[PDB]
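Engineer: Got a structure for you, written out below as structure tokens; questions coming shortly.
There are 2 protein chains.
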Amino acid sequence: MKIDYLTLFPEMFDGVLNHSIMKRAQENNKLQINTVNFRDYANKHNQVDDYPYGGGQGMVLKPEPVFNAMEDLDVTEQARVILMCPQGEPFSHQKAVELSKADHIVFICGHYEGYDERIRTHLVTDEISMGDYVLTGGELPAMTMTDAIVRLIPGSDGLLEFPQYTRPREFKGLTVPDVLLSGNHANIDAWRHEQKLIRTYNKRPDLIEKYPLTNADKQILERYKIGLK
Amino acid sequence: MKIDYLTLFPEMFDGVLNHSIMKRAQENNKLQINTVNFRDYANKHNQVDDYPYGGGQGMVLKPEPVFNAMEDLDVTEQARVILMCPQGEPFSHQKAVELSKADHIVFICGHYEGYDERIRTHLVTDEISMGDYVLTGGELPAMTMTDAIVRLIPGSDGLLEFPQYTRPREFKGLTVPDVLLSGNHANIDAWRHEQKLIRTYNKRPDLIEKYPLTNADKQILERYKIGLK
């Protein structure tokens, strides 16, 4: 697979493109992750931005530059063109899975108060948001999504996790549960299972309602609450 | 406000810390956004990582280094310590709002198969996830969240948005709706309102069910569907 980022700030990507566990695939000829400076496709004035027909307070991303960029990037039909949007589908795993299968992805990163509809109908294949929160630009989101998608290339049990501890045993008066140093694995497993139940009960009672509790599980919770008195 | 990132890859941040619309506040003495190299707090071996008591296949982030880092960073009580986690609360706007009010935030960025529970009980104040998708590290998430929080410092109408267009009027046979060039603002507003209704009807019927439709709105939808025949 290969990935292109058409952005006005290709520099934002230097730190991440290299120094992250991203090179696993880059050096392994699995993928080409390269940045594209969008100002190369701009027009009298080298702006990729222009006024809205009908009026409005914001500016709108022009169609021409974007179509041109897609041209030389040889985006075929069956390449994925992603627009970073607030009203886009919030990104998810089923979506990360779907994308890791395409052989080519292009991200329109710049945040504009508007996008020419012709770009949305003819070029863009997926519109994606990160969550109900509002961001200043689409480059971070594009990088975050790349991570999730790439690391899913080739190369819960319904409860919260059991608490984990490492050395030292005692630190500033904070001691690791004795059971963990006992070497008795049936007791360590049982204790972790109890902690998972209890933590879920205290912090994600919704998860408990959708967990098929065994009689022993109910007895653990029952005595736990009696211990709180 | 001030923000610290304790990470093993401070380089990932160079591109973003500067070149994004982040400098608005940095140069304006509103905030200090600086990176901290976590390997400065490491132990015989300069690892921040160590084996799990009780056994397990992954490694666990040691408590000592993290507590030390929080010490010299002068994290007071009433500073926010954030751990990037999969089971953390997915990040949201209400959370972005809450955080933009704190005067100091520290992000533990490294992804480990485990975190010593003492860090979670004594240091960490918020545990946050990005969504059900799994990421390779916590630095991108920390940067994304910073963006949403910072830009919310000081410095929907229930339907999908109306489609936007800019020059040129005709491009590759793709023409901007005539109404937008007509200069008749009551017609432009009505047309946009119709498009919002129609698009929402076709793509987010759930939003239509929670919209207080007027008689005129129902007539727009009604004739639209008759136009589809």
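Top to bottom, those sequences are chains H and D. Numbering (the UniProt record's numbering) for the first sequence: 1 to 42, 44 to 156, 170 to 243. Numbering (the UniProt record's numbering) for the second sequence: 1 to 42, 44 to 156, 170 to 243. Where is the CB? At the ideal position from N, CA and C, for every residue including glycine.
Any residues in the segment 46 to 76 of chain H with a beta carbon nearer than 9 Å to a beta carbon of chain D? Which ones, in chain order?
Structural biologist: Here the close residues are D50, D51, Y52, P53, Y54, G55, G56, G57, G59, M60, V61, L62, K63, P64, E65 and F68.
Engineer: Hey, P64 of chain D and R119 of chain D are a contact pair by Cβ (cut 8 Å); roughly how many whole angstroms apart?
Structural biologist: If you number the second sequence from 1, residue 64 of chain D lands on position 63. If you number the second sequence from 1, residue 119 of chain D lands on position 118. Confirmed, about 5 Å.
Engineer: Under 7 Å, CB to CB, which of the residues in the segment 10 to 37 of chain D have a partner in chain H?
Structural biologist: The residues in question are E11, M12, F13, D14, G15, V16, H19, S20 and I21.
Engineer: Of the choices D:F38, D:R152, D:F108 and D:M71, whose alpha-carbon is the least far from that of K102 of chain D?
Structural biologist: Within the second sequence, the letter at position 101 stands for residue 102 of chain D. The option with the nearest alpha carbon to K102 of chain D is D:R152.
Engineer: Who are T35 of chain H's beta bridge partners in DSSP?
Structural biologist: Within the first sequence, the letter at position 35 stands for residue 35 of chain H. DSSP output for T35 of chain H lists H:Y5 as bridge partner(s).
Engineer: With DSSP as the reference, identify every bridge partner of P91 of chain D, one or two as the case may be.
Structural biologist: Looking up residue 91 of chain D in the second sequence gives position 90. According to DSSP, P91 of chain D bridges with D:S130.
Engineer: Residues in the same chain with beta-carbon distance under 8 Å from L174 of chain D, minus the five sequence neighbours each way, listed in chain order, please.
Structural biologist: Translated into the one-based positions of the second sequence, residue 174 of chain D becomes position 160. Correct list, in chain order: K210, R213, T214, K217, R218 and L221.
Engineer: Which one of D:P91, D:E78, D:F38 and D:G89 has the shortest CA to CA distance from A70 of chain D?
Structural biologist: In the second sequence, counting from the first residue as 1, residue 70 of chain D sits at position 69. Checked all of D:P91, D:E78, D:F38 and D:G89; the closest Cα to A70 of chain D is D:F38.
Engineer: Report all residues from its chain with a CB closer than 6 Å to the CB of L124 of chain D; omit the five preceding and five following residues, and keep chain order.
Structural biologist: Numbered from 1 along the second sequence, position 123 holds the residue referred to as residue 124 of chain D. The answer, listed in chain order, is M71 and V82.
Engineer: Which class does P219 of chain D belong to by DSSP, given the choice of helix, strand or coil?
Structural biologist: Locating residue 219 of chain D in the second sequence gives position 205, counting from the first residue. In the structure shown, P219 of chain D sits in a helix (DSSP, three-state: H, G or I).
Engineer: Going along the segment 99 to 112 of chain D in order, which residues come within less than 9 Å of chain H, judged by CB to CB distance?
Structural biologist: So the list is empty, because no residue satisfies the distance condition.
Engineer: Can you give the beta carbon distance from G132 of chain D to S20 of chain H, rounded, assuming they're within the 8 Å contact cut?
Structural biologist: Numbered from 1 along the second sequence, position 131 holds the residue referred to as residue 132 of chain D. Numbered from 1 along the first sequence, position 20 holds the residue referred to as residue 20 of chain H. Incorrect: roughly 19 Å between the Cβ atoms, too far for contact.
Engineer: Rounded to whole angstroms, what's the CA-CA distance from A80 of chain H to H105 of chain D? Just pull it up for me.
Structural biologist: In the first sequence, counting from the first residue as 1, residue 80 of chain H sits at position 79. In the second sequence, counting from the first residue as 1, residue 105 of chain D sits at position 104. Rounded to the nearest angstrom, the two C-alpha atoms are 43 Å apart.
Engineer: Is any beta-carbon of chain D found at less than 7 Å from that of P177 of chain H?
Structural biologist: Here residue 177 of chain H refers to the residue found at position 163 when the first sequence is read from its first residue. Yes, contact with chain D.
Engineer: So, helix, strand or coil for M144 of chain D, using DSSP?
Structural biologist: Along the second sequence, read from residue 1 onward, the residue named residue 144 of chain D stands at position 143. Here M144 of chain D sits in helix by DSSP.
Engineer: Relative to the alpha-carbon of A97 of chain H, which residue among H:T145, H:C86, H:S170 and H:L227 has its alpha-carbon at the smallest distance?
Structural biologist: Stepping through the first sequence from its first residue, residue 97 of chain H is reached at position 96. Comparing Cα-Cα distances from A97 of chain H to each of H:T145, H:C86, H:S170 and H:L227, the minimum goes to H:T145.
Engineer: Who are the neighbours of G138 of chain H on chain D, taking C-beta pairs under 9 Å?
Structural biologist: Looking up residue 138 of chain H in the first sequence gives position 137. Going along chain D in sequence order, the residues near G138 of chain H (Cβ under 9 Å) are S20, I21 and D148.
Engineer: Are any of the Cβ atoms in chain H nearer than 7 Å to that of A97 of chain D?
Structural biologist: Start at 1 with the first residue of the second sequence, and residue 97 of chain D comes out as number 96. For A97 of chain D, the answer is yes, since a Cβ of chain H falls inside 7 Å of its Cβ.
Engineer: Consult DSSP for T214 of chain D and reduce its assignment to one of helix, strand or coil.
Structural biologist: Here residue 214 of chain D refers to the residue found at position 200 when the second sequence is read from its first residue. Three-state result, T214 of chain D: helix.
Engineer: Which of the three DSSP states is assigned to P53 of chain D in this structure?
Structural biologist: Working through the second sequence from its first residue, we reach residue 53 of chain D at position 52. Here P53 of chain D sits in strand by DSSP.
Engineer: In this structure, how does DSSP classify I21 of chain H when only helix, strand and coil are distinguished?
Structural biologist: Working through the first sequence from its first residue, we reach residue 21 of chain H at position 21. Correct three-state label for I21 of chain H: coil.
Engineer: May I ask you to list the residues that DSSP assigns as paired with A230 of chain H?
Structural biologist: Your numbering for residue 230 of chain H matches position 216 in the first sequence. Answer is none; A230 of chain H lacks a bridge partner.
Engineer: Can you name the residues of chain H whose CB is closer than 7 Å to the CB of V190 of chain D?
Structural biologist: For the purposes of this step, residue 190 of chain D is identified with residue 176 of the second sequence, where counting begins at 1. Within 7 Å Cβ-Cβ: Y54.
Engineer: Beta-carbon of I83 of chain D versus every beta-carbon of chain H: anything under 7 Å?
Structural biologist: Here residue 83 of chain D is taken as the residue at index 82 of the second sequence, counted from 1. It does not; no Cβ of chain H falls within 7 Å.
Engineer: By the criterion of Cβ-Cβ separation under 8 Å, what are the contact partners of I202 of chain H in chain D?
Structural biologist: Residue mapping note: residue 202 of chain H aligns to position 188 of the first sequence, counting from 1. Here the neighbours are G55 and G56.
Engineer: When the Cα of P53 of chain D is compared with those of H:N229, H:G197 and H:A230, which residue comes out closest?
Structural biologist: As a first step, residue 53 of chain D is located in the second sequence; it is residue number 52 there, counting from the start. For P53 of chain D, the nearest C-alpha among the options comes from H:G197.
Engineer: Just verifying my parser: in three-state terms, what is the DSSP assignment at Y116 of chain H?
Structural biologist: Here the question's residue 116 of chain H lines up with position 115 in the first sequence. Here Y116 of chain H sits in strand by DSSP.
Engineer: Can you name the start and end residues of the beta strand (DSSP E) that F108 of chain D belongs to?
Structural biologist: If you number the second sequence from 1, residue 108 of chain D lands on position 107. From DSSP, the beta strand (DSSP E) with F108 of chain D extends over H105 to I109.
Engineer: Relative to the ligand SAM, is the shortest distance from any of its heavy atoms to the C-beta of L136 of chain H smaller than 6 Å?
Structural biologist: Ligands in the displayed structure: none, and consequently the ligand SAM is not present.
Engineer: Select from H:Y116, H:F9 and H:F92 the residue whose C-alpha is nearest the C-alpha of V135 of chain D.
Structural biologist: As a first step, residue 135 of chain D must be located in the second sequence, where it is residue number 134. Of the candidates H:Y116, H:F9 and H:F92, the one whose C-alpha sits nearest the C-alpha of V135 of chain D is H:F92.
Engineer: Just the Cα atoms here: how many angstroms apart are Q178 of chain H and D40 of chain H?
Structural biologist: Translated into the one-based positions of the first sequence, residue 178 of chain H becomes position 164. Translated into the one-based positions of the first sequence, residue 40 of chain H becomes position 40. Distance between the alpha carbons of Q178 of chain H and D40 of chain H is about 51 Å.
Engineer: Quick one: does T228 of chain H have its CB under 7 Å from some CB of chain D?
Structural biologist: Counting from 1 along the first sequence, the entry for residue 228 of chain H is found at position 214. No, its Cβ sits nowhere closer than 7 Å to a Cβ of chain D.
Engineer: Taking the beta carbon of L17 of chain D as the centre, do at least 16 other beta carbons fall within 10 Å, making it buried, or is it exposed?
Structural biologist: Stepping through the second sequence from its first residue, residue 17 of chain D is reached at position 17. When all chains shown are included, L17 of chain D counts as buried.
Engineer: Measuring CB to CB, does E114 of chain D end up less than 7 Å from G56 of chain D?
Structural biologist: Locating residue 114 of chain D in the second sequence gives position 113, counting from the first residue. Locating residue 56 of chain D in the second sequence gives position 55, counting from the first residue. No, they are not a contact pair.
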